[PDB]
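Asks: Return atomic coordinates for the entry below.
(one chain, ligands or ions: 1)
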Amino acid sequence: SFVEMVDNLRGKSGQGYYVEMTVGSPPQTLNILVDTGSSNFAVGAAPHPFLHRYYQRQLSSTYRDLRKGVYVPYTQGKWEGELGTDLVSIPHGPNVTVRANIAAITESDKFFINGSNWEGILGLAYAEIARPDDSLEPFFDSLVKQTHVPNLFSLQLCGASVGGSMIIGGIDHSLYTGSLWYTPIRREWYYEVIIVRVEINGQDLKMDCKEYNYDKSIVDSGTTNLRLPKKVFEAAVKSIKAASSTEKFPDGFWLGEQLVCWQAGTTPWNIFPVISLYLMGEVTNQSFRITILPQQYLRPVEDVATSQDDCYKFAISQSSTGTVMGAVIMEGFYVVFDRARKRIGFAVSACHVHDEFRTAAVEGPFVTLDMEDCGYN
Ligand SMILES: CC(C)c1cccc(CNC[C@@H](O)[C@H](Cc2ccccc2)NC(=O)[C@@H]2CCC[C@H](C(C)(C)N3CCCCC3=O)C2)c1
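Replies: Residues are numbered from 1 along each chain as shown. Below, you will see the structure:
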């Protein structure tokens, strides 16, 4: 019955992926961004210039006020509002209704996006990072507690205006090819994983692997970019610059600020390297790699110019809070958040990114000694 959830996600490039949900009685329909990088379910509940619609608690007979405030500061953007509970369903999801915590957003700053078609966010990570504290049960925990939906979900995020699937409660085998490779969830707060090796065009970055996970590494569907700790970011940009020095790039391109364009169909993909991320595996001394194409880390953006060229922004950003495997890493992979078994699986997606002579891959097994030394603490 997972077929009912295939293609249940939509979005705009750089702006997240959202699924349709209803809250309250009678049901109020809202588009909700799916975010494995946080743990609060929150919806616009007051007018805002960028909201097409919002949750009206007054109109729901099943609304309950928790008489408690809340706020969430993300890496960029924040909101504040009022806690309460209500009945929640996912029309293209399992056939259930659950009473869940909901933060009614009453003020926000740089959270909602102009012209955006989503009105709220579904934090799919664990209670440990829920605001105001870990006693506010996250939506997925309520779903599993109140129904027989199995304790896992999977995400197929597709590039090119974007779509994909969130399969709630399982794995749909028609959405990926090849084998699923699993990496442990190190700790249940973020979806934290451990990266044990990095290569660019087959060349090892050769850093202390602790640097790759300083101070954590997470899988985060609510962040567009690959974000890398300062030292890793610099090494990676240096290597990518070198590989592509054939061409010249504007100022701020490598900062993700300025875009670069080529005549339509002439993007020199070949001079941009693949990036391989090796992840800790399920058995001793064993890892696997996912290989990322430049078509993933050069994000397509519309040309505000009179030209109809292919333009892109560099979708790798420097971080001061650890590695973030964002949407452009997840795109073209099928990612299984197996909460029940505390692991995350990766396989080549059915909607994989295409390149003339290279392909995104998930490959294993590899041997990697002393993998536990890669985790930060
Ligand atoms: C809440 C706690 C646990 C917390 C605190 C700090 C970091 C984290 C790690 N997860 C972050 C996500 O939950 C959050 C999700 C988000 C969605 C929509 C708007 C804003 C944030 N995303 C971000 O903060 C990102 C930082 C880089 C710029 C990102 C921008 C380009 C802006 N962005 C917004 C729309 C979705 C795609 C996107 O890329 C947002 C978690």
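Asks: pretty sure residue 132 is in a strand, no?
Replies: No - under DSSP: H, G, I helix; E, B strand; the rest coil, residue 132 sits outside any strand and is assigned coil.
Asks: So it versus the ligand, what's the distance?
Replies: Applying CB to the nearest ligand atom, to the nearest Å, the value for residue 132 to the ligand is 11 Å. C-beta coordinates here come from the backbone N, C-alpha and C atoms, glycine included.
Asks: Which element, helix or strand, includes the closest residue to that residue other than its chain neighbours?
Replies: Nearest-residue entry for residue 132: residue 70, 5.4 Å, with adjacent residues in sequence omitted and distances by CB to CB, 6 or more residues apart in numbering. Of the helices and strands defined by DSSP states H and E, residue 70 is found in strand 64-73.
Asks: Any idea how many residues pack against the closest residue in space to residue 263 that isn't next to it in sequence?
Replies: Spatially, and ignoring its direct neighbours in sequence, residue 263 is nearest to residue 309 (5.6 Å; CB to CB, 6+ apart). Residues lying near residue 309 (other CB atoms under 10 Å) number 14.
Asks: Could you do residue 317 as well?
Replies: Using other CB under 10 Å, residue 317 has 17 neighbouring residues.
Asks: do the one 5 residues further on as well
Replies: The tally of other residues near residue 322 (other CB under 10 Å) stands at 19.
Asks: Hmm, residue 230 and it touching each other?
Replies: No - assessed by CB atoms under 8 Å, residue 322 is found out of contact with residue 230, at 10.8 Å.
Asks: residues in the stretch 1-150 of the chain within reach of the ligand, list them.
Replies: 14-16, 33, 35, 37-38, 72, 74-77, 111, 121, 129 (CB under 6 Å from any ligand atom).
Asks: quick one: strands adjacent to the strand holding residue 70?
Replies: Strand pairing for strand 64-73, determined by DSSP bridges: strand 78-89 (antiparallel).
Asks: for the closest residue to the ligand within the stretch 1-150 of the chain, what are its contacts?
Replies: For the stretch 1-150 of the chain, the residue closest to the ligand is residue 37, as judged by CB to the nearest ligand atom, at 2.8 Å. By CB atoms under 8 Å, 6 or more residues apart in numbering, residue 37 lies in contact with 74, 123, 125, 190, 191, 218, 219, 220, 221, 222, 223, 324.
Asks: who are the neighbours in contact with the residue of the chain most remote from its centre?
Replies: Farthest-out residue of the chain from its mean C-alpha position, per CA atoms, centre = their mean: residue 61, at 33.8 Å. Counting by CB under 8 Å, 6+ apart, residue 61 touches 24, 25.
Asks: Let's see that with 6 Å instead.
Replies: If you count contacts by CB atoms under 6 Å, 6 or more residues apart in numbering, residue 61 has them with residue 25.
Asks: Filter the residues of the stretch 1-150 of the chain next to the ligand down to the buried ones.
Replies: Among those, the ones that count as buried by 16 or more other CB atoms under 10 Å are 14, 15, 16, 33, 35, 37, 38, 72, 75, 111, 121, 129.
Asks: so what's the fourth one bridging to?
Replies: Right, the one you point to is residue 33. residue 18, residue 121.
Asks: I'd assumed residue 121 was in contact with it.
Replies: Yes - in this structure residue 33 lies within contact range of residue 121 using CB atoms under 6 Å: 4.7 Å.
Asks: So what's the residue count around residue 231?
Replies: 15.
Asks: Please name the spatially closest residue to the residue nearest the centre of the chain (chain neighbours excluded).
Replies: Nearest to the mean C-alpha position of the chain, by CA atoms, centre = their mean, lies residue 221 at 1.0 Å. Of all residues not flanking residue 221 in the chain, residue 36 sits nearest, at 4.5 Å (CB to CB, 6+ apart).
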